[PDB]
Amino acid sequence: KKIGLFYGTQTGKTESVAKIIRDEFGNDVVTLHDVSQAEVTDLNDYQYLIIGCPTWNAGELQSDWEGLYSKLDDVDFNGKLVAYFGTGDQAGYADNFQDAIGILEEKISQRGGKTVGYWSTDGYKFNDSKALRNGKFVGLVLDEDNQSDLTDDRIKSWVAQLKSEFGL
């Protein structure tokens, strides 16, 4: 399909969000890939990518994304448009909120990927984040632990934005 959505999940929350994002695009447009089962070369099959990853253990990548991270230097993302989303806990991990998507975007952009889908920091309370880019997040940030009532509307807004930014 046109968009490849590569997610990792420890406790299932990022996966659940990935299915909502898929359905908001239309199932016809997005193929889901759990990175526990992916090879880094699977990223080659798409010109439009969505990267999903929760932050774990106070600022670490989810472990399946950690595995792939180490091979991202073997892939060329030039010519691709890449968006990012994560789930995280702004209350419990205020100093590391959504660090994982920041870490992934730094790597993939240095490997040539162009980030699309920057997201306002309005409505979140946190101390620091590697996903911060001067007053915007590098992608959609969800918090199912503290703000689950806001997820659906956040996804609808973000996906509309991505359909425009991807030029669909």
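The numbering used is simple: start at 1 and walk along the sequence shown.
When the mean C-alpha temperature factors of 94-102 and 74-82 are read from the deposited coordinates, 74-82 comes out higher. Mean C-alpha B-factor is higher over 21-29 than over the other stretch, the pair under comparison being 21-29 and 148-156. The entry assigns its greatest Cα B factor, within the set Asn127, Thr115, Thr41, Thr55, to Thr41. Per the deposited record, the Cα B-factor of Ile3 falls in the middle third when ranked against the other modelled residues of its chain. When the modelled residues of the chain are ordered by C-alpha B-factor, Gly59 sits in the middle third. Per the deposited record, the Cα B-factor of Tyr46 falls in the highest third when ranked against the other modelled residues of its chain. Ranked within its chain, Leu68 lands in the highest third, by CA B factor from the PDB record.
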